[PDB]
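Given next are the chains, with one letter for each unit.
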Amino acid sequence: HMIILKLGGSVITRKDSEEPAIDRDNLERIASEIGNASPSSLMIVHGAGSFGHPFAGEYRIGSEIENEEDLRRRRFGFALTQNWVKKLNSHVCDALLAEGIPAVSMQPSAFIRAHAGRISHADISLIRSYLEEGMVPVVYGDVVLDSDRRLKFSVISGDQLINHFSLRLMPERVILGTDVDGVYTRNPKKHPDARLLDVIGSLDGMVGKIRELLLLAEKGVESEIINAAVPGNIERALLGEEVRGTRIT
Amino acid sequence: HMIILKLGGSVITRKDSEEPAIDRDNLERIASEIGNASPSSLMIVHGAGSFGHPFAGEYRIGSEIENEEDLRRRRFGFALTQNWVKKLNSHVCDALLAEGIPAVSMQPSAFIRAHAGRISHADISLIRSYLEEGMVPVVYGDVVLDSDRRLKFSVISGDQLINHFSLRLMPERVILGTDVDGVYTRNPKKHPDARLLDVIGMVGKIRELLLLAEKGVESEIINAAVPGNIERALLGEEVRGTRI
Ligand SMILES: Nc1ncnc2c1ncn2[C@@H]1O[C@H](COP(=O)(O)OP(=O)(O)O)[C@@H](O)[C@H]1O
Ligand SMILES: Nc1ncnc2c1ncn2[C@@H]1O[C@H](COP(=O)(O)OP(=O)(O)O)[C@@H](O)[C@H]1O
């Protein structure tokens, strides 16, 4: 009766970044909520937010590579980015453990490959054993090697992970905790008449997310998008007591 | 042409605080030495030192489970230990990266399994790829799921890692950077008459290297606490210690 839950990198990281930083209050609270609901089976994915975007964008990870001088620089940037995202994960696991959750991380760059930006290989047997042993596996948006020889590496997002693993683990619920209430007709931060959709079916950042999810819903698994920045929402979603959000179908 | 280098947990960490902590001076120095040597193909293993043993010990990981209280507990500890040793590795990578070294961790507990405390399976195709793209895979001592149902989790040490991967990748040289000058005839730390051996843990450490010795590969023990040994060994130059 398993649940897969994504924590958007925007909810748990802070952008007013001298350096990358946790949103400690959002993080410790969400952990508390995961503890209070105590799901029977759980897997978590989290976005990188300020520990990821800034570095991978600086180095253009996932973009064609023109010359050997590009290449040498990007190879360094892949490594620097992977360490930054690992440090966020270690904060993540700190907060979970602090709440008694046996969070076990699985670094995507150590067992996942991409081809042209799409997950090409992911071992799922180890994740399954962690789940079987009663642990909480935690994956996260990360940089991975890309067998497309123009690219060499890609960023695999929290959202591709949620899609790839929910397809294959066939969880009962897929919950995406984001920093807005749901999907809207329009970017509700640029458009005053954006309306909150309670369910989605086609196209009618956050677009990226929906495209990914629409692949998943089309294979018969539905997800829910809720605001994690709103107290209790994670705890209620994990309890199965409907919350404000959008279902993708 | 490749070299696998271990950095012993005692060398890079210090037992010395309520909190685990790095030996910042050894670690940045060692990073700088690896930087200066610029080996053309390298992989690093490192020990967990004080980020590892304390938690593993508290929870008795890799010893037999009686009770479901025992069980539930060892679970929590597996998770706690893996996080602590991940934070160390993140320090190790910071230090490598500060030297311009494209070091990429590969968390063992994300692709390696054990059986009865021994390394059972590990895909080595991502490691190869990382080496092919000129990066420096960094693995480390960690807790791994163990398919012996009596144990469930084992600590797989940096020594087992160096033995397991050297056999499968067949590196040019293997170099173990420890906190003493070599293997002695006895524990130098409480036998004033222990004599350095120039050719042949270390009850354990040696046990493992012997397996490897036997199957055709020979390693070198050196003191990585001493300035320049790592750099000199990385460059192929005479350095004091023991051949195996
Ligand atoms: N149609 C939309 N509905 C909801 N939010 C949208 C939409 N279009 C753009 N957005 C923006 O997308 C953001 C959420 O996506 P993102 O920053 O990737 O979240 P996460 O950190 O959860 O991945 C929202 O903060 C919002 O500003
Ligand atoms: N016969 C021996 N020769 C050398 N050192 C020994 C011997 N027996 C015990 N030791 C102890 O083992 C220590 C190094 O072992 P180990 O903890 O495996 O190092 P690392 O942290 O580099 O893996 C030495 O500092 C020494 O105190």
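As named in the PDB entry, chain B is Isopentenyl phosphate kinase, taken from Methanothermobacter thermautotrophicus. This entry carries the title "X-ray structures of isopentenyl phosphate kinase". Chain B has a UniProt comment under Catalytic activity that states "isopentenyl phosphate + ATP = isopentenyl diphosphate + ADP". The heading Subunit in the UniProt record of chain B holds the text "Homodimer."

In the nomenclature of the PDB entry, chain A corresponds to Isopentenyl phosphate kinase from the organism Methanothermobacter thermautotrophicus. What UniProt states about chain A under its Function heading is, verbatim, "Catalyzes the formation of isopentenyl diphosphate (IPP), the building block of all isoprenoids. Has lower activity with dimethylallyl phosphate (DMAP) and isopentenyl thiolophosphate (ISP). Has low activity with 1-butyl phosphate (BP) and 3-buten-1-yl phosphate (BEP). Has no significant activity with geranyl phosphate (in vitro)."

Student: Sorry, what's going on with helix 2 (residues 24–37) of chain B here?
Tutor: Residues and elements named next belong to chain B. Along its 14 residues, helix 2 runs 20 Å from first to last C-alpha, staying within 8% of the 20 Å computed at 1.5 Å per residue. Of the residues making up helix 2, those classed as buried are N26, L27, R29, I30, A31, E33, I34 and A37. A positive phi of about 45° marks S38, the residue just after helix 2.

Student: Would you mind showing me how to read the sheet that holds strand 8 (residues 136–140) of chain B here?
Tutor: Through backbone hydrogen bonds, the strands of a sheet pair up, either in parallel or in antiparallel fashion. All names here are of chain B. Strand order in the open sheet formed by seven strands is 5-8-4-1-11-12-13, and the pairing between neighbours is mixed. The open sheet has two edge strands, strand 5 (103–105) and strand 13 (242–243), and neither has a second partner. Examined bridge by bridge, strand 12 (residues 219–223) and strand 13 share two bridges and lie antiparallel to one another. Bridge pairing links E220 to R243 in strand 13.

Student: What exactly am I supposed to notice about the side chain of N163(A) here?
Tutor: All names here are of chain A. With respect to the helices and strands, the residue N163 is situated in helix 6 (residues 158–169). Residue class for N163 comes out buried when judged on its relative accessible area of 10%. Those residues in contact with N163, other than ones at most four positions away along the chain, are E212, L215 and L216.

Student: Got a minute to help me understand the interface of chain B and chain A in this structure?
Tutor: The accessible area lost on association of the parts is a frequent measure of interface size. With 37 residues of chain B at the interface, the matching set in chain A holds 38 residues. Note on chain B versus chain A: buried area summed over both sides is about 3,200 Å², and carbon and sulfur give 58% of it. Linking chain B with chain A are four salt bridges. The salt bridge partner of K87(B) is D94(A), with a shortest N-O separation of 2.9 Å. In this structure, the connection of chain B to chain A is made through 22 residue pairs in polar contact. At 14 residues, helix 4 (residues 68–97) of chain B tops the list of elements feeding residues into the side of chain B that touches chain A. Split into classes, the residues belonging to the side of chain B that touches chain A amount to 19 nonpolar, 11 polar and seven charged.

Student: Looking at this structure, how should I read the packing of helix 2 of chain B against helix 4 of chain B?
Tutor: Helices that pack against each other are described as a pair by the angle of their axes relative to one another and the distance between those axes. All names here are of chain B. It is at 8 Å that the axes of helix 2 and helix 4 come closest, and there the two elements cross at 45°. Between helix 2 and helix 4, the crossing angle belongs to the class labelled oblique. Considering only the axes of helix 2 and helix 4, their crossing is right-handed. Contact residues: helix 2 offers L27, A31 and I34, while helix 4 offers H91, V92, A95 and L96. Along the lines of polarity and charge, the residues of the contact of helix 2 with helix 4 split into six nonpolar, one polar and no charged.

Student: Before we go on, may I ask you to explain the site of ligand 1 in this structure?
Tutor: All names here are of chain A. Within the structure, ligand 1 sits among 16 residues, and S10, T178, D179, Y184 and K209 are positioned closest to it. Interatomic distance of 3.4 Å between a side-chain N/O atom of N187 and an oxygen atom of ligand 1. Protein contacts shield 79% of the accessible area of ligand 1, which totals 580 Å² for the unbound molecule. When contributions to the shell around ligand 1 are tallied by element, the ones reaching two or more residues are helix 1 (9–12) and helix 7 (206–218). Across the shell around ligand 1, the residue classes break down as five nonpolar, seven polar and four charged.

Student: I keep staring at the packing of helix 2 (residues 24–37) of chain A against helix 4 (residues 68–97) of chain A and nothing clicks. Help me out?
Tutor: Residues and elements named next belong to chain A. Interaxial distance between helix 2 and helix 4 falls to 8 Å at its minimum, and their mutual angle equals 45°. Between helix 2 and helix 4, the crossing angle belongs to the class labelled oblique. Both helix 2 and helix 4 take part in a crossing whose hand is right-handed. Taken together, the residues of helix 4 that come into contact with helix 2 (itself represented by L27, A31 and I34) are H91, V92, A95 and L96. When the residues that make up the contact of helix 2 with helix 4 are grouped by side-chain class, the tally is six nonpolar, one polar and no charged.

Student: It is not clear to me how the UniProt feature "binding site: substrate" in chain B should be interpreted in this structure. Could you clarify?
Tutor: All names here are of chain B. Listed under "binding site: substrate" in the UniProt record, and renumbered for this structure, are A48, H53 and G158. A maximum C-alpha distance of 12.2 Å places the annotated residues, which cover 111 residues in sequence, within one compact spot. Mapped onto the fold, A48 is located in the loop between strand 4 (42–46) and helix 3 (53–59). In this view, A48 contacts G9, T13, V85, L88 and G141; residues no more than four positions away in its chain are not counted. Inspection of the secondary structure assignment puts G158 in helix 6 (residues 158–169). If near-sequence neighbours (up to four positions away) are discounted, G158 is found in contact with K6, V45 and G141.

Student: Just checking my understanding: could you explain the packing of aromatic side chains for this structure?
Tutor: Two aromatic rings, taken as a pair, are described by how far apart their centres are and by the angle between their planes. Evaluated as defined, the whole model comprises nine aromatic pairs over all chains. Judged by centre distance (6.2 Å) and plane angle (45°), the rings of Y59(B) and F76(B) are tilted. A residue pair is termed long-range when its members are at least 10 positions apart, and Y59(B) in helix 3 and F76(B) in helix 4 qualify at 17 residues. Classification of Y59(B) by relative accessible area gives buried; the value is 8%. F76(B) sits in the partly exposed class, given a relative accessible area of 21%. By way of ring pairs, the aromatic residues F51(A), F55(A) and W84(A) are connected into one cluster.

Student: What should I look at first to understand the pairing of strand 14 (residues 245–248) of chain A in this one?
Tutor: Every other side chain in a regular strand lies on the same face of the sheet, so the side chains alternate between the two faces. Residue and element names in this part refer to chain A. Here strand 12 (residues 199–200) runs beside strand 14; their pairing, made up of two bridges, is parallel. Of the residues in strand 14, the one forming a bridge with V199 is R247. Across four bridges, the pairing between strand 13 (residues 223–227) and strand 14 is antiparallel. Residue pairing for strand 14: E224 is matched across the bridge by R247.

Procedures and definitions
- Residues numbered from 1 in each chain as written, not as in the entry; some residues may be left out.
- Chains lettered and ligands numbered in written order.
- Heavy atoms only, no water.
- UniProt positions renumbered as here; feature names shortened; annotations may be inferred.
- Helix = DSSP H or I, 4+ residues; strand = E, 2+ residues; numbered from the N terminus.
- Expected span 1.5 Å × (residues − 1).
- Buried < 20%, exposed > 50% of the residue type's maximum accessible area, 1.4 Å probe, protein only.
- Pairing = 2+ DSSP bridges.
- Contact = heavy atoms within 4.5 Å.
- Buried area = accessible area lost by both parts, 1.4 Å probe.
- Salt bridge = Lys/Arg side-chain N within 4 Å of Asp/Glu carboxyl O.
- Polar contact = N/O pair within 3.5 Å; in protein donor to acceptor, adjacent residues only side chain to side chain.
- Nonpolar A, V, L, I, M, F, W, Y, C, P; charged D, E, K, R; others polar.
- Axes fitted to C-alpha atoms, helices over the stretch in contact; angles between N-to-C directions.
- Parallel < 35°, antiparallel > 145°, perpendicular 65-115°, else oblique.
- Left-handed = near helix turned anticlockwise from the far one by under 90°.
- Near = heavy atom within 4 Å.
- Areas by Shrake-Rupley, 256 points an atom, 1.4 Å probe, with all protein chains shown as cover.
- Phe/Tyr/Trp six-rings, centres within 6.5 Å; stacked < 30°, edge-to-face > 60°.

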